[PDB]
Peer 1: 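Sharing a structure below in structure tokens format, with a few things to ask.
All residue numbers refer to positions in the sequence shown, counting from 1. Just so you know, these numbers use all the heavy atoms, side chains as well, and skip hydrogens, waters and symmetry mates.
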Amino acid sequence: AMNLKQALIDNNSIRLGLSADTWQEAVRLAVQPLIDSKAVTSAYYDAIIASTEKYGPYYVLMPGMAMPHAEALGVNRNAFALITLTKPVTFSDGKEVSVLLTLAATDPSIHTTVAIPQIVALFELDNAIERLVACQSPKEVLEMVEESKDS
């Protein structure tokens with residue numbers, strides 16, 4: 001089980017400065033890099049849209065970030081993806097998002113025991129979302145992620 005930096009490399013999962021008009025557009029874009037790496041199937045995007053439709057945007061945990069995921073489904077392999085938006089997108093609860101960290105798992109208890117702690121740490125860094133938005137290559141995204149693992 002899973003290291004965020006490594007997962008991101010193994011999947012080549014980082015996308016930088018994409019553009020979306022709806023939170024549906026942004027979720028699609030956020031899951032794409034995981035369909036690209038064959039970690040998940042489109043049916044995973046569908047499952048995110050569907051769980052958002054019944055539960056509301058539950059994975060939007062801190063200002064400026066979503067970690068899109070469903071209770072899974074279209075998943076072959078544990079993976080993370082990381083995308084960065086040009087302009088903040090507004091989710092159906094009124095929250096504004098500029099960074100989506102997609103999470104996929106074949107076991108549901110990974111989410112809180114393993115994944116959220118890592119995600120939490122990246123975003124608990126001094127000026128993270130804007131730093132992340134101004135990242136000019138996956139290299140520095142990954143450098144931010146190493147910085148997360150310590151202190």
Peer 1: Would you check if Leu132 and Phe123 make a side-chain contact, meaning some heavy-atom pair closer than 4.5 Å?
Peer 2: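 Yes. Closest side-chain heavy atoms under 4.5 Å.
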Peer 1: Check the side chains of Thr52 and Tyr59 for a donor-acceptor pair under 3.5 angstrom, ignoring hydrogens and angles.
Peer 2: yes
Peer 1: Is the shortest heavy-atom distance from the side chain of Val31 to the side chain of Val40 under 4.5 Å?
Peer 2: yes
Peer 1: Does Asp107 use its side chain to pair, donor to acceptor, with the backbone of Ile110 at less than 3.5 Å?
Peer 2: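 A pair under 3.5 Å: no.
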Peer 1: Under 4.5 Å between side-chain heavy atoms, hopping through other hydrophobics if needed: is there a path connecting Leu16 to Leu85?
Peer 2: yes
Peer 1: Can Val133 be reached from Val89 by stepping across I, L, V, M, F, W or Y side chains whose heavy atoms are under 4.5 Å apart?
Peer 2: yes
Peer 1: Take atom OH in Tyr58; do more than 12 heavy atoms of anything else shown fall under 6.0 Å from it?
Peer 2: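 Yes, OH of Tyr58 has more than 12 neighbouring heavy atoms, counting only those of other groups under 6.0 Å.
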Peer 1: Checking side chain to side chain contact (heavy atoms under 4.5 Å, CB included) for the pair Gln118/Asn3: CA distance, chi angles, key distance, verdict?
Peer 2: CA-CA 8 Å; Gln118 287 181 78; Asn3 164 346; 4.1 Å; yes
Peer 1: Could you check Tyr44 against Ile49 for side chain to side chain contact (heavy atoms under 4.5 Å, CB included), going step by step and ending with a plain yes or no?
Peer 2: CA-CA 9 Å; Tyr44 195 49; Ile49 300 296; over 6 Å; no
Peer 1: Would you say the side chain of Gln32 lies within less than 4.5 Å of the side chain of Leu29, judging by non-hydrogen atoms?
Peer 2: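 No, side chains not in contact.
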Peer 1: Please lay out, stage by stage, how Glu147 and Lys5 fare under the test salt bridge (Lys or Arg N to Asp or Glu O under 4.0 Å).
Peer 2: CA-CA 10 Å; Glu147 192 176 348; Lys5 225 264 269 295; over 6 Å; no
Peer 1: Can you tell me how far the CG atom of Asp21 sits from the OG1 atom of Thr90, to the nearest 0.5 Å?
Peer 2: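 Between atom CG of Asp21 and atom OG1 of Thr90 there are 10.5 Å.
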Peer 1: How far does CG of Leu34 sit from OH of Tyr45, to the nearest 0.5 angstrom?
Peer 2: 15.0 Å
Peer 1: Scan residues 26-36 for pairs that pass salt bridge (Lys or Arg N to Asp or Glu O under 4.0 Å), counting only residues two or more places apart or in two chains.
Peer 2: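 Counting only pairs at least two positions apart or across chains, the salt bridge (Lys or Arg N to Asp or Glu O under 4.0 Å) contacts touching residues 26-36 are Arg15-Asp36.
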Peer 1: Take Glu124 and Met62 through the test side chain to side chain contact (heavy atoms under 4.5 Å, CB included) and record every step on the way to the result.
Peer 2: CA-CA 10 Å; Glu124 283 200 349; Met62 45 215 303; 4.3 Å; yes
Peer 1: Roughly how far, to the nearest 0.5 Å, is the CE atom of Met144 from the OG atom of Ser148?
Peer 2: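 That separation rounds to 6.5 Å.
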Peer 1: Is atom CG of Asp46 surrounded by more than 12 heavy atoms (other residues, nucleotides or ligands) closer than 6.0 Å?
Peer 2: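 Yes - once you tally the heavy atoms of other residues, nucleotides and ligands closer than 6.0 Å, there are more than 12.
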Peer 1: Just jot down the side chain to side chain contact (heavy atoms under 4.5 Å, CB included) partners of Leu8, sequence neighbours excluded, or say none.
Peer 2: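 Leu8: side chain to side chain contact (heavy atoms under 4.5 Å, CB included) contacts with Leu4, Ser13, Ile14, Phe80, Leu82, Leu142, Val145.
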Peer 1: Can you name the closest pair of heavy atoms from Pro117 and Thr113 and give their distance?
Peer 2: CG-O, 3.9 Å
Peer 1: Side-chain contact, heavy-atom cut-off 4.5 Å: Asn12 with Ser37?
Peer 2: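 No, side chains not in contact.
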Peer 1: Using side-chain heavy atoms (C-beta onward) and a distance below 4.5 Å, is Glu71 in contact with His111?
Peer 2: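 Sidechains of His111 and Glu71: in contact.
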Peer 1: If you count the non-hydrogen atoms of other residues, nucleotides and ligands that lie under 6.0 Å from NZ in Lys149, is the total more than 12?
Peer 2: yes
Peer 1: Report the C-alpha distance between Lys38 and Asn76 in whole Å, list the side-chain angles of each, state the deciding distance to 0.1 Å, and finish with yes or no for side chain to side chain contact (heavy atoms under 4.5 Å, CB included).
Peer 2: CA-CA 8 Å; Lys38 340 295 267 329; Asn76 188 57; over 6 Å; no
Peer 1: Under 3.5 Å, is there a donor-acceptor pair between the side chain of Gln6 and the main chain of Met2?
Peer 2: no
Peer 1: What heavy-atom pair brings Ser51 and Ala70 nearest, and what distance separates the two atoms?
Peer 2: OG-CB, 3.9 Å
Peer 1: For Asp150, look at atom CG and say whether over 12 heavy atoms of other residues, nucleotides or ligands are found less than 6.0 Å away.
Peer 2: yes
Peer 1: Show me the donor-acceptor pairs within less than 3.5 Å that the side chains of residues 91-105 make with the rest of the protein, sequence neighbours left out.
Peer 2:
unit_1: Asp93; atom_1: OD1; unit_2: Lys95; atom_2: N; d: 2.9
unit_1: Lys95; atom_1: NZ; unit_2: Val60; atom_2: O; d: 2.9
unit_1: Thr102; atom_1: OG1; unit_2: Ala30; atom_2: O; d: 3.0

Peer 1: So, the side chain of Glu130 versus the backbone of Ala128: is there a donor-acceptor pair under 3.5 Å, distance only?
Peer 2: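 Yes, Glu130 side chain to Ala128 backbone: donor-acceptor pair under 3.5 Å.
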Peer 1: Counting C-beta onward and ignoring hydrogens, is there a side-chain heavy-atom pair between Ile116 and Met67 closer than 4.5 Å?
Peer 2: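 They are in contact (side-chain heavy atoms under 4.5 Å apart), so the answer is yes.
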